[PDB]
Structure formats: structure tokens, C-alpha cells
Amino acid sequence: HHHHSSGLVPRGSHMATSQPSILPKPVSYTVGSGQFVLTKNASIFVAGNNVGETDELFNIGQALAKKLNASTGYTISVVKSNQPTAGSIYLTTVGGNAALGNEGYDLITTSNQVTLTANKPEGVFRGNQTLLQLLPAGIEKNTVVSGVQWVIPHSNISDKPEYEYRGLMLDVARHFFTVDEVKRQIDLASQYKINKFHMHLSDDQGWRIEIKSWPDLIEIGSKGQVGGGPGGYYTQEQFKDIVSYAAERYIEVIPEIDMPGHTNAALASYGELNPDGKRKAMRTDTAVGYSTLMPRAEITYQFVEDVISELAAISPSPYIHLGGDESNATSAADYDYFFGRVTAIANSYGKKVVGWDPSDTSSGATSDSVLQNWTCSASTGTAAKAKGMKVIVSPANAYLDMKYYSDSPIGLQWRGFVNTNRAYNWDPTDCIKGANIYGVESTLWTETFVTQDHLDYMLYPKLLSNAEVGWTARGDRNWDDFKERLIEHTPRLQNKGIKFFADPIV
């Protein structure tokens, strides 16, 4: 047998009775004869195992109706009833197939009815992302589309994720993005079954979360960014609003306050956090590794506790991310000590700790701690594995801030180039052997990204590749297949208003 790898498409990128475009690829998908037609008289019916579950499904139904109404121009409403009428969409958790887990679902479309059967409301929400992809391109428009018959082929889908953790990180410290901009990225990612959003809220160039007991973190530490723009910050109310928005999409928000390194913005806000008692100058360059909290000063741990206390109060995720990357101004002994102490503080506030490697090596880590493995070397996470810690993988292939190509107008290249193909052609088991792999996280660092258009360009289509790696089983993943599916999907990216890169490899 003969095999080959993909080159660039001759003559440029392709991204430059019915055809559904399901991404990530579902466990199974078959189509039969006939079609369902969505008309102006359609209702969404919802039915759970009890009234409280029905009420939760009702909210999900209303979210679905909102999306359908925006493009069809209909006014589809939601009904609490297990007696759907011909032409209805029916969302139910009664009789879910338990083997599909919390996020799985069956989605069966007949001529008369669309029925989505799940174990839990979360699974109905994920299934709804598939439903939107079975309708014609045009359905994902934010304004009314005319001349398109709203049909769904008679079809049968069963589905469930391979990995529990499928995440996106946005760096809002290097360049600030508004609550609206962040909500938009959360919303877009949710449509591809991303279920975790990690916010990198502080770094050397900015501090982005209001801490009432240390007001100058905002008054001074939020006032810049990379390149000397004005920066910005989230009030605690705005952070809660982001969390609530994500919650409606069954997305967990994990806030990160990076320590002991990547801390210049804090050090520039409060002089007492520095050995000489003087505030650092703010930094607007892109250097890393130079900053450190004082590992042996009690003021450091009072500061960390106040931050953790306020953040824990407003962040319902059982996890807090305490960073731990590139502490090059911190000795190994001090790092080990520091990270163990802050893990004890977090645990006292009822939060488990996520940290970048090498944080798993801290003797104060517990088996409830989580390692975010970005280095992905042979020895990374040796400690985590020995300790029974869950591992989230973020290899070069998930570093979505990497240039697509040598000539990309934005992005970094310290992990080489990451085009859509590279973002696809890997498996979490490649990154670490012998570990409890919790899942994948796509990291969008923002040293070189200033506008929403820059975010869009780097995340799309790259994130789509990463999202399939998290959801779809390795045995069902194939670049030649995904590539062709991605071409088919392109008009939907257009319709959503995403300023994607038309990758020449697609």
C-alpha cells in the first residue's frame, strides 16, 4: 500500500439534497431517506425526568430558539411537554443512554421531528451544537437569511467526548480584551464543544482582576499592556458576568493568577512585594522569566491569600490556576516551597490547584492538584504521574499563538509554526505516557494579538483542529477527512462573522 502526507493546495486555499457540517466528528452519523423541514410554526419541546430538570432544559431550549430565530427570522418558542407536535424539535433526558456519559447524546431526525436524547442537560447542550451543524449553512448567520429552505436530512447520530477536559485559554494580560470580546470567544468555542475556558488574568505587563483588599493592582497594575496601550481590567461583577455567560454554555471558567513568576504587574503596584520596598517600573516588552514574588517573606503569602480569598468568592469552579511557569528568578528550593505554600492556601479556600509544569514537582502538591503540561518532554509530569495527578496537555500543536507559517503577519514561533494540519495531527498520548490525561487545552497567548480580528485569525481554523483532538477518538481521526470537512464548513465560519485565516494547507 501507498501513503503520503499533505502539501499546500495547488492554486491556493479552498477556504479562500443537503450538506451538514459536523465538527468535531461524532461517534456515528448515518443518513436515511427524507428530510425534516424547519418552518415558522416550529416549537421546541423539552422534557426531563423531573420538574427541576425540565426547567433546566427549558433554558437550553430558549438558547437554541434564540440562535434559530436570528437566522430564520422565525419566533420559535419553547414548551414544557413530552408530547411534541409534527415539525417540532424535542429535547429530552428521559431514557438517556448511560454509556454516553454526561456530555453524550443521541440525535435522531425524522421527517416529522428532531429528537435529541441525552443523560443530562449538559449533553442536550452539546447535542444542540451538532443540531445547528445539520441545518444548512446560513443558520449560523446573526441576521435573517432568505431563500434557504431550512432542512435537515433524515439522520441518526450518537456521540460522546473522548476527553473530559477540552479547553481554551485566553491571555488577557499581554493585551486586554473587553467583556464583550471574551464572551464572543467563549460563545464561538462552545459551538465546537469546547467545555473549559482558562483566563490568564495576570502577567508581567498587566493585572486584569479587581482585588478589593489591594486596589492598586488595578489603579496601577491594569493601566498598561504589551506595546503601551491603555490596558484595562474586569471588575468582580464583570468577572461574575463572564462566569455566568460561560455557565449557560456548560463551560467551566478557571481563573489563573500566575505565581511566583510572571508577576511584574503586581510588583509594579505594591513596593512592599519587592525586597527593596520600591515599586517596579511597568513593563510593556515581551520578555519572560525575570520576575518573582519574594518566596520567603510573609507579606507574599498574605498577598496571595487575599487574592485567592477574593477570587474564590467569585469563581465557582473547584479549580484555581496558580501558574508556576518560567520562574527563572526563583531558586528550585524556593519554588518548591512557594508552590506548596500557595497550594495549601488555595486548598483552605476550597479550591484545587492547576499549575504549569514544573509545578507538579512541588512537595506541597496533592493528588487533587492538576498539571498543565506545556513542555511535553520525556521527563515532564514524572512527579504528577507518581502522585496520581490529572494532566492537561498543551503541546506545540495546541499553542495557537504560533504563526501558521514563516510569513504569518502575527504570532510567535518559539515552538515552530503551527498550521491547521499540525493543530490536527497529534494525540494527547503523544505528549505524555503513563498518565491520567484529563484532556487538552488550546492556549492563545497574546504578545502579538491586539484586536478581535487577530484572535479570530489565529483561533480559526486552528482551534477546530484542537477541538476535534479533544472530542473525537483517535481511531476516527484522519487529516484527509477533516481537511475536506473543513472546506465544507468554511461558509459557516464566514456566516458567524469569524475573520479566520484561509489556510493554504486546507
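Heads up: residue numbers just count along the shown sequence, starting at 1.
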If you count the residues of the deposited sequence that sit between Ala16 and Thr17 but have no coordinates, do you get none, 1 to 3, 4 to 9, or 10 or more?
10 or more
Averaging the C-alpha B factors as listed in the entry, name the stretch that ends up higher: 145 to 153 or 232 to 240.
145 to 153
Quick one: higher average CA temperature factor, 95 to 103 or 111 to 119?
95 to 103
Go through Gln452, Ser465, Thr446, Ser33 one by one and give the residue whose Cα B-factor in the PDB entry is largest.
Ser33
Kindly indicate the residue among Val253, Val307, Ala365, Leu168 with the greatest C-alpha B-factor in the PDB record.
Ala365
Tertile call for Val440 (CA temperature factor, within chain, third-based) is the lowest
Comparing against every modelled residue in the chain, figure out the third that the C-alpha B-factor of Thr75 lands in (lowest, middle or highest).
highest
Which third of the chain does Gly475 land in by C-alpha B-factor: lowest, middle or highest?
highest
So where's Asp325 on the chain's Cα temperature factor ranking, which third?
middle
Check where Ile257 lands among this chain's C-alpha B-factors and tell me if it's the lowest, middle or highest third.
lowest
